């Protein structure tokens, strides 16, 4: 049979990306939970360069880097549920905004709960600015992908699950500042592929309380 395996860790927004892609495409796979404090031989063998999850393993061959795995999924299971545009220019723009998520949302978000004072103030400001820029791109559309979820939705909506982390350690009210963004995230969460892939905000928060205290 055609074997699909996903090496993952439940609160990771990067893993959630690949979970959504597999679910949206209707692909049967085996989910394997890693302890990143005791990485399995499989993980170390499949992703020697980064030793990170997620890793997608397709008939024994690995694809590391979440957005690269999502693109691999789109290209191999290409006969349903398109996740990227077919127009080259629109595809370039989807790639651009997914890239933007990596560098702004993830990086700045991490500073909100791991930094302090003037630096943490900066990230809070810039983070809200990034959210606002993303709201502008969404505009009045149902999803970033338009009528269906696409590459940018998949890149971005997992970070919503970390919003209580950002809000609580950052003393931010994101819904007050960015209501369009929060309504969009809630729309995504009504889709089975997203609902089943994303942990509850409070579960992520309680997990981060435990790891942050050691920092």
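Positions refer to the first chain, counted from 1.
In this entry, 116-124 shows the higher mean Cα temperature factor of the pair 116-124 and 103-111. Taking the PDB entry as given, 172-180 carries the higher mean Cα B factor of the two stretches 64-72 and 172-180. Within the group 37, 51, 58, 32, the record's highest C-alpha temperature factor is found at 37. Going by the entry's values, 146 shows the largest Cα B-factor out of 158, 41, 26, 146. When the CA B factors of the chain's modelled residues are split into thirds, the value for residue 12 lands in the lowest one. When the CA B factors of the chain's modelled residues are split into thirds, the value for residue 87 lands in the lowest one. Sorting the modelled residues of the chain by their CA temperature factor places residue 46 in the middle third. For residue 202, the recorded CA temperature factor ranks within the middle third of the chain's modelled residues. When the CA B factors of the chain's modelled residues are split into thirds, the value for residue 189 lands in the highest one.
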